[PDB]
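A.B. asks: Build me a structure from this.
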Amino acid sequence: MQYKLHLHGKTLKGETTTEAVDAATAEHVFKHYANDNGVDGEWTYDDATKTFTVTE
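C.D. replies: Numbering: from 1, shown residues only. See the structure here:
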């Protein structure tokens, strides 16, 4: 299943996706991706849109 990530950092904004078995594991993948790209902030998830958000 596909899950989305919305990045809202001061130096990086946009969207990516990942294919994971469930949302909980998609979360950790995204959190790593955010971290490897210098985005550190508050995380929320919205199941209706299958979308994670990280905000700096």
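
A.B. asks: isn't residue 47 right next to residue 24, touching?
C.D. replies: No. Shown here, residue 47 and residue 24 do not form a contact pair, counting by Cβ atoms under 8 Å, at 11.3 Å. Bear in mind the C-beta positions are built from the backbone N, C-alpha and C, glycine included.

A.B. asks: Sort out which residues of the one helix or strand residue 34 maps to are buried, please.
C.D. replies: Element membership for residue 34 (DSSP states H and E) is helix 23-36. The neighbour-count check on helix 23-36 (16 or more other Cβ atoms under 10 Å) flags 26-27, 29-31, 34 as buried.

A.B. asks: Reformat those as JSON lines; add distance to residue 40.
C.D. replies: What follows is the buried residues of helix 23-36, written out as JSON lines (distance: Cβ to Cβ, whole Å):
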{"residue": "26", "distance to residue 40": "19"}
{"residue": "27", "distance to residue 40": "15"}
{"residue": "29", "distance to residue 40": "16"}
{"residue": "30", "distance to residue 40": "13"}
{"residue": "31", "distance to residue 40": "10"}
{"residue": "34", "distance to residue 40": "7"}
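
A.B. asks: out of these, who's nearest residue 52?
C.D. replies: residue 30 (5.2 Å; Cβ to Cβ).

A.B. asks: Go ahead and confirm that closest one touches residue 54.
C.D. replies: Yes. The pair residue 30 / residue 54 is scored as a contact, 7.5 Å apart, by Cβ under 8 Å.

A.B. asks: So residue 10, which state does it fall into?
C.D. replies: coil (DSSP: H, G, I helix; E, B strand; the rest coil).

A.B. asks: quick one, whichever strand or helix holds residue 3 and helix 23-36 angle?
C.D. replies: Using DSSP H and E, residue 3 maps to strand 2-8. Strand 2-8 runs at 40 degrees relative to helix 23-36, counting by axes from the mean of the first three to the mean of the last three Cα atoms, to 10 degrees.

A.B. asks: which residues sit against strand 2-8?
C.D. replies: Contact with strand 2-8 is made by 13-20, 23, 26, 30, 33-34, 37, 39, 41, 49-56, as judged by Cβ atoms under 8 Å, 6 or more residues apart in numbering.
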